[PDB]
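Peer 1: need a 3D model of the following:
(chains A, B, C, D, E and F)
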6 protein chains.
Amino acid sequence: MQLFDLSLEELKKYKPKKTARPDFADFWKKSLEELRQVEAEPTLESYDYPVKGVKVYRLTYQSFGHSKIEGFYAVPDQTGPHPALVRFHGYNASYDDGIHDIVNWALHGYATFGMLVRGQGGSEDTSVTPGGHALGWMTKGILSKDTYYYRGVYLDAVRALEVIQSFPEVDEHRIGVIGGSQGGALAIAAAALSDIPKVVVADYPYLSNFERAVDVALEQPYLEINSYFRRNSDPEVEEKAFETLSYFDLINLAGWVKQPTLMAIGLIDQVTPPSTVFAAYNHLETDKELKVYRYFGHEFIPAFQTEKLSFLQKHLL
Amino acid sequence: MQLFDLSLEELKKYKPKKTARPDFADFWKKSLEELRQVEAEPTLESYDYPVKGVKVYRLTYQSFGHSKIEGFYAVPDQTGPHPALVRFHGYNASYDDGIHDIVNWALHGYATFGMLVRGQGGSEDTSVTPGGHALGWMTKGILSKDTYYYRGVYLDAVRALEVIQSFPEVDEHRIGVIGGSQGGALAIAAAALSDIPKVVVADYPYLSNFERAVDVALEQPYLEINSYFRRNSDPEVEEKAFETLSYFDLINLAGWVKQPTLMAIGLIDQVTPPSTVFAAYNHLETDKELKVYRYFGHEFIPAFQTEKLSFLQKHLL
Amino acid sequence: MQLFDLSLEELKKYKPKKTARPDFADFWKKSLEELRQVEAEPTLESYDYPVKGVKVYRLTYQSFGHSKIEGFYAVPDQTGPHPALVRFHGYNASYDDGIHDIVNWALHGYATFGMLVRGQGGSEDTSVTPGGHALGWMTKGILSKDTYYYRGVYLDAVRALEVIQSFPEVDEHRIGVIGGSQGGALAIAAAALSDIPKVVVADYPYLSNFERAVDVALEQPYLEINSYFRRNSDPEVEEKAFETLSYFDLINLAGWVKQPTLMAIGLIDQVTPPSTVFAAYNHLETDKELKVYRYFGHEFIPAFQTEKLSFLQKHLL
Amino acid sequence: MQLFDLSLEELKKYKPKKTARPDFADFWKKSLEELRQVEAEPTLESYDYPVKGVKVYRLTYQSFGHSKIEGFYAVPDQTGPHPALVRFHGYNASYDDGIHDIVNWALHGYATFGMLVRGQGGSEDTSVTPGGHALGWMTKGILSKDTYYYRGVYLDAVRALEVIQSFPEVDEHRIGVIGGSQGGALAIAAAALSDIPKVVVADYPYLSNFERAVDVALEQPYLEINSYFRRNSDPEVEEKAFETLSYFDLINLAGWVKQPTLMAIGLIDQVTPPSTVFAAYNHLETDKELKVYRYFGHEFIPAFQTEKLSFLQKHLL
Amino acid sequence: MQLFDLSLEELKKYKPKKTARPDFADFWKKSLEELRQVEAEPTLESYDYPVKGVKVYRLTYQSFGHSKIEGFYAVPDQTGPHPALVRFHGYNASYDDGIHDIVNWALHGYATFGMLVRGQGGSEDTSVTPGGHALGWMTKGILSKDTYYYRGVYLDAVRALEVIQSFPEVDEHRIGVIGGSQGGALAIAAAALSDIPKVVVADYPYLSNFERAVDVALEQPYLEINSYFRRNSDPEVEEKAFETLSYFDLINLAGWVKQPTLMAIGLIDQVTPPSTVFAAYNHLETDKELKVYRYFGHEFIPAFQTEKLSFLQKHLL
Amino acid sequence: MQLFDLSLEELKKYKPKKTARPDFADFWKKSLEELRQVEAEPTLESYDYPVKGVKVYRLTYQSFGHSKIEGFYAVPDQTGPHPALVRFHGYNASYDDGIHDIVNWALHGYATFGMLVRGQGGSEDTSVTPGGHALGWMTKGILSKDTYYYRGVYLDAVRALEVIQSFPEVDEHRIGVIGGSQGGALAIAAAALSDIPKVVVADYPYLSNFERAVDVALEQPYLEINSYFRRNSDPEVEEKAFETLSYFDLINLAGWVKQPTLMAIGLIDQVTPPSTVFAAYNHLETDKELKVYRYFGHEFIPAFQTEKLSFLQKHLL
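Peer 2: Numbering: from 1, shown residues only, chains lettered A, B, ... in the order given. The relevant structure is shown in the block below.
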């Protein structure tokens, strides 16, 4: 791939007007209240894995809609308390629950939980499908903020932080949230909705500036939205869909983030176009940094791995 | 594309061993009993459409899991009773609820209902997502026959027939079930599970001979199963998944079909490979015909449209 | 595919200077005189089709160059006179002479003739091939307006209207011309060259703004022209080719259209780029409407089908 | 691309049954008689080209259907008589009439004429288009041997030989016929139908074993036939089409070739599959050689250029 | 991608005849003698990396042709001696010298050196380019076993083991060699040529059964060989190239491996086709295991990571 | 492909600032001095080829780093002295040493030598590989001007001219240098560094305006540089690489060319983008002409062959 979006000079200035509706704050207050209604009831079960110096567990907990959320939790095999991370996986990109990555993060010294995103990686989704949607999860329940797929998952992410904070081996003051793409969005959304994380690291975050994303993305999954409008052509439906999407859009949630945050984008990224990620970054008002990589797209960026290891070490270890 | 599957001579003889488990019949008896528990409660609402000689309605009814199923119902604007069709749409292939096709079928003289497949085209799916699945609907709830996506939809198809049969303008003895791909499978499954349809037309039916399909298909959506196995590598998971799939596989349901049926396949079809469709055809023991089209794949086949119009006319008009 | 052409704001203003030569009107007067020289001599032969309420015929007639033009003609099976439609098919896109579509139009109440475009769908082309051309019909005879492929075709379209107008079951005052792509161009060209049609519907019309078309189209068939220039590199050949194309270009013919017309374009259309279709539309001076579909390309647009059915009903039924 | 057709061991034995109809010989006798009816009337006009030691001319002549056939004729600029070559170009593959290649052949010592294939490279085609065909020339007039595109072309190739044989600077006993793909087929067909050529060189000849070609070819242009059947689905059309094709098929003409012939195939050729070329070769009963190139497809094969230069030198220089 | 190679049942029995020349052993004896001539002269320089519990160094050493070979060496930050790994990277697949992976292996408890393959990753290649080759390294110096690219690299791998064995913090009896693809071949070749490694892990090993690989591979880099033969068509060149390749082919080296070895293949692997990897496996005579993954190709296989971690733990930790 | 780069109007004015470092001239002076140190020691060996009127030889000579450079040398078989050409082949595009083209040039009247580019077509490269590089030759030794791949190559080209100038059958005052792509760059570079050539012809020259090329090219091989930066992410590496490239960039060498030069570009060229070629052209200060071809990309342009034949005839024959 080659550069296709706004020039770097324009990207640095790109700050689209917020799409937040008047009841944006209220919706999240109400949603968090519904979460609080559900007792977490976490369970831990040891899980054999071929590694020395780390103990691995299957963690489950109850979340929004009485959904049982799961993932692996790996802890350094030494006396705590430990700094912690909740790691969020990419869209349709969880293979064997990310167990190898989670263990590696524990080997770096972090008690780390890889939350499996409901329906994708390995957690329950109790929310009904209200009607038609395009292939995938992006448009499931899109005709109402109350039914939208990411409502439950954002709340699950907040609950993950509430659960790991409650563990005696975890230092509640040294928790980080990390992820790439979908995972980056969940990291930012969790930090926006919760006091618990000290620090955020987000590789090319998804779920940002939807109204531009649909016009600029050249690959899935933003284009599921386009697919949805093709199948449901009522102009009223498009209006409603963008209305519901605004409640989950990082350009609206970013302003609530108070934590130091580190982000990355590759300038040839066709999945999360640079403009969408700069849009999120430019709405942050916090200790922030955006690493820009000219020659990379939506993929592992080796140089950024070192940046993120240094950043987490600085703030948590 | 070009020929890729078994030669025509081998296709004609291809009849794989049934994969039906000992409780196959019992599962469907139990599932039909759960359907019967739900009162249909159908509603009709007139819908304005630019056509003379047809009245159009939005039809809803209650089905398995208390799910509200919907679709357009178009009726010839003349004194009944009328022959009727329940038309089932393709996988992720419902655009504006197929309204134009449904109206056209009514213009041909058939009271026709286009059932929207839960979550795809525009009906509710109340069934929970028990855990992880691949992008799409093919692996939703795949770890149990009781939770699997197509359980609800097959039952919805039966209920569609029960509802349209109850209408006073419909001749209950002249009802046909039709569809292509996913729609063709729903047509066959509905006829296998219900006495109501007089006749079946299935273009290149999907959901057939799963164990071969996963090894021979070159396009989506059978490959969602492959995707699922890549993400969930436990050998026990693959065993369990094929066990649940067997309850919905047309090679196992086909033997229950007593209605005259007409089917089509194109020999270059990469979505529903010819071998999988011949497998279904060769397990039918009924008045049957399979039209074979050398130069067509998974697509509208003009020559077959004339065959199917003649067949429906013969048996219903 | 994504947005690639001029922005919507620019498209609305795009009105390229006409390329019509001084003898534009004279060329068409002369060509219509040559048509008039040929006696139509139409023949009708009944054709069996599995439909109630419509009679189908094979229609033939003589046209420019004593070419025998053909197509199916379907008539509502009831007392006339009937409104009528001449339907024109897409480039290389006639399968079994569009019989199913033609019958469906008759079921909607229109006596309809699907003119098969000479050499493509099933009519005779008596015009000689004067020399080399690129693969396809776009550059056949392109070195002279007198020999160019579309001269005979445009005249066949006019003759189609003259023939159906002569039928006693047809109301001569309620004839419409319709088609998509190539078909949309033939519809507009027919209305420009003939008084007979009352109304025009053209889905993303082809043969428009050739000089821009060859620089912006990303798919066939405008690129046959590029192919031709690659093979025949004389600068005088390119000049001559664009000269002859100007006589058939919709930006030059559009000003002659006096009928109410309805048009459609999808903003991601790579075959008939939006700018080329807006160019044609913006040269119309008549009761006109252009429906714009952000998420569609060169394909069936369900929402537009409802628009066109309402428009034809309003003006013809 | 990789190996896809029969193994080499099977290719060497592949000799499909001839498809020649009982009136095969008679058809060609009649067709040659119709050619004979047209007086050649050749014209030569000098043409400036930047080369020393060669004189270039534009040659025209009259052929079947009173079509004016053309091409460049290049002669060594020295006292004759000269050996000669008629060179036939590939399908839709004539750029600026192949002038540079033609001049190069003259520099190698051959009076050479590059016959432009009617409608493709730059010759007239007077034959009418009787009805519909797929995009391209392969199915033009395919419903009758008398109207089929290649009838005139084959006859033009014979007439080319008759014209160059009449030139005083040409040694009538040292004429070769050469070409690749379509050109290879014209070379073989010309040698089958005419005494005049002394030798034949055919790179991966086209128009061979049509009934297999349509099932094994992976790239155009054999697939135009498939395209044709898709648009015209009557079983009696497919029968008729293969009947007409049989008259032009190299497996039926090959047996008439008495000249030494040299052929080439690449084993990864997707346009003219190896089996189709071996089929032609194995029906030759003459001094013959087939050069097989494992690593080449439908393209220039440098090693074969040396083989063909040696072969022409041996037999002609 | 789908299944394309031999069936699993055939793969298990596929054991192609060895292509080893009579001087195979002598060539390696002589090559190892030339290596021994070069004094290692290793250097270590500390390298800052954001990790606790591991110290990282840049390691260099001298090897065949007095080439300076380099890579990162990461050691657990605790009292030794430690088990060790030499890790070999994939073809053209070294990004920032694989530092993050190397550190992670050290966190798992292994003193690990990632040897950079000369010219690719970051080591010197003193060997001259004797003549033409295809784009890449696969055919560099291919006309002689003495000049061939992999001669130096295999010897570098042996020297890597000699160097890390000399370190006082390394337990010489607990050294493993690991890698995928090119790296898997280097691991196997190193174990074949050296006593030092206790155990081998090779993911889908490359450089195996060249004469089949060139006929079955569908992606790069085996196809560089095909590319080379296209450019250099002398039959003696192809003979000579396969002669030199035989000295480096795993089917010839595998018989020298005495260490327990674990291998993996994915059945849809288009880069290292399953037959080529089974060929290498079936020529091993040692404590061996081959893990077969139906749904994976040439990529990270999560299930195999757990197998390889268990295997290394069992034999080394 | 379609137009993608700057508009023609902007291309004509595109003249990027030179990137030449202060020691640009000195580097080339020093490099030419190192060349002069190596005695040419040319050898000629007759080579059998099937052509009359031309004698072919294998020519070798010694060049920079004591590398033996080779290629075919073809001479008109008549009394000299002859005008001469040094022909340079494309990147990875030498098949059987271009022998057929070389012979054809000799048939046009030119004593012609096709220099084989070290490592690619068939010459020795003695220069070491100092460290890692991307797949290909573009980044070999890129971290220093002294080690960079094209240093030896440019010097080989100069030495080629020195060798053929020394031949008694060659008129030293009528030597031209020609090539396309890589070959065009070598032609221009040779003329910039040497007095010997009278005239230059360069089809779409490569190695021009590197800093833009990496951002605009859509195909290989410029993108090897991008590949290199992906693998070696140090910002200092990118700086150093572009510094090195500046010494070989045609925008910096072009100003030294005093010979009449003819160049070509196709406006849809994705390999050597039009802007990069216009950049080189606009830095020439000499008798120059640029032929622009709207409908061609990186390929043989038939119309330009006639231009180049006329130009060489005018200046050399």
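
Peer 1: middle-most residue in chain A, spatially?
Peer 2: Relative to the mean C-alpha position of chain A, the nearest C-alpha, by C-alpha atoms, centre = their mean, is the one of residue A:186, at 1.6 Å.

Peer 1: am I right that it sits in a strand?
Peer 2: No: per DSSP: H, G, I helix; E, B strand; the rest coil, residue A:186 lies outside any strand segment and is helix.

Peer 1: chain C versus the spatially closest residue to it that is not a sequence neighbour, what's the distance?
Peer 2: Residue nearest to residue A:186 in three dimensions, not counting chain neighbours: residue A:88, with 3.9 Å by C-beta to C-beta, 6 or more residues apart in numbering or on different chains. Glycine gets a C-beta too; all of them are placed from N, C-alpha and C. Using C-beta to the nearest C-beta, to the nearest Å, residue A:88 is found at 28 Å from chain C.

Peer 1: surely residue A:88 and residue A:154 touch.
Peer 2: No: with contacts counted by C-beta atoms under 8 Å, residue A:88 stays clear of residue A:154, the gap being 10.6 Å.

Peer 1: which neighbours do these two have in common?
Peer 2: A:186, A:190 (C-beta atoms under 8 Å, 6 or more residues apart in numbering or on different chains).

Peer 1: can you give me the strands in chain A?
Peer 2: A:43-46, A:54-63, A:67-76, A:82-88, A:111-115, A:170-180, A:199-203, A:261-266, A:288-293 (DSSP state E).

Peer 1: looking at the ones you listed, which is buried most?
Peer 2: strand A:111-115 (a mean of 30; mean count of other C-beta atoms under 10 Å in any protein chain shown).

Peer 1: residues from the stretch 201-317 of chain A in reach of chain E?
Peer 2: Applying C-beta under 8 Å from any C-beta of the partner chain, we find that the stretch 201-317 of chain A lies next to chain E at A:302-303, A:305-306, A:309-310, A:313, A:317.

Peer 1: Serialize the residues you listed to TSV and add fields for neighbour count and distance to residue C:168.
Peer 2: As requested, those are exported to TSV (neighbours: other C-beta atoms under 10 Å in any protein chain shown; distance: C-beta to C-beta, whole Å):
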residue	neighbour count	distance to residue C:168
A:302	19	80
A:303	17	81
A:305	17	81
A:306	19	85
A:309	18	86
A:310	15	88
A:313	15	91
A:317	15	93
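
Peer 1: and the residues you listed, which is closest to residue C:101?
Peer 2: Using C-beta to C-beta, residue A:302 is the member of these that lies nearest residue C:101, at 56.2 Å.

Peer 1: so how far is residue A:109 from the closest one?
Peer 2: Distance of residue A:302 to residue A:109, given as C-beta to C-beta, to the nearest Å: 21 Å.

Peer 1: surely residue A:171 and residue A:80 touch.
Peer 2: Yes: using C-beta under 8 Å, residue A:171 is in contact with residue A:80, at 7.4 Å.

Peer 1: show me what residue of chain A gets nearest to chain D.
Peer 2: Going by C-beta to the nearest C-beta, chain D is nearest to residue A:1 of chain A, at 24.9 Å.

Peer 1: please name the residues that touch residue A:223.
Peer 2: By C-beta under 8 Å, 6+ apart, the residues touching residue A:223 are A:214, A:217.

Peer 1: correct me, but residue A:91 touches residue A:204?
Peer 2: No: using C-beta under 8 Å, residue A:91 is not in contact with residue A:204; the gap is 11.7 Å.

Peer 1: intersection of neighbour lists for those two?
Peer 2: The contact sets of residue A:91 and residue A:204 overlap at residue A:181 (C-beta under 8 Å, 6+ apart).

Peer 1: could you check which of those two has the larger neighbour count?
Peer 2: residue A:204 (30 against 23; other C-beta atoms under 10 Å in any protein chain shown).

Peer 1: count of neighbours near the closest residue to the more buried one other than its chain neighbours?
Peer 2: Nearest non-adjacent residue to residue A:204, counting by C-beta to C-beta, 6+ apart: residue A:272, 4.5 Å away. As a burial measure, residue A:272 scores 30 neighbours (other C-beta under 10 Å).

Peer 1: same check on residue A:144?
Peer 2: Number of residues near residue A:144 (other C-beta under 10 Å) recorded here: 13.

Peer 1: what distance do you get for the nearest residue to it once chain neighbours are set aside to residue E:88?
Peer 2: Spatial nearest neighbour of residue A:144, excluding adjacent residues (C-beta to C-beta, 6+ apart): residue A:244 at 6.0 Å. Residue A:244 sits 51 Å away from residue E:88, going by C-beta to C-beta.

Peer 1: you'd agree residue A:162 is up against residue A:40?
Peer 2: Yes: using C-beta under 8 Å, residue A:162 makes contact with residue A:40 at a distance of 6.7 Å.

Peer 1: report back the residue of chain A that's furthest from centre.
Peer 2: Distance to the chain centre peaks in chain A at residue A:234, reaching 30.6 Å (criterion: C-alpha atoms, centre = their mean).

Peer 1: ok, which stretches of the stretch 101-250 of chain A are helices?
Peer 2: Counting by DSSP state H, counting those that start in this stretch, the stretch 101-250 of chain A has helices at residues A:149-166, A:182-193, A:210-216, A:223-231, A:235-246, A:250-253.

Peer 1: and the third one, which residues are buried?
Peer 2: Along helix A:210-216, these residues count as buried under the neighbour rule (16 or more other C-beta atoms under 10 Å in any protein chain shown): A:210, A:212-214, A:216.
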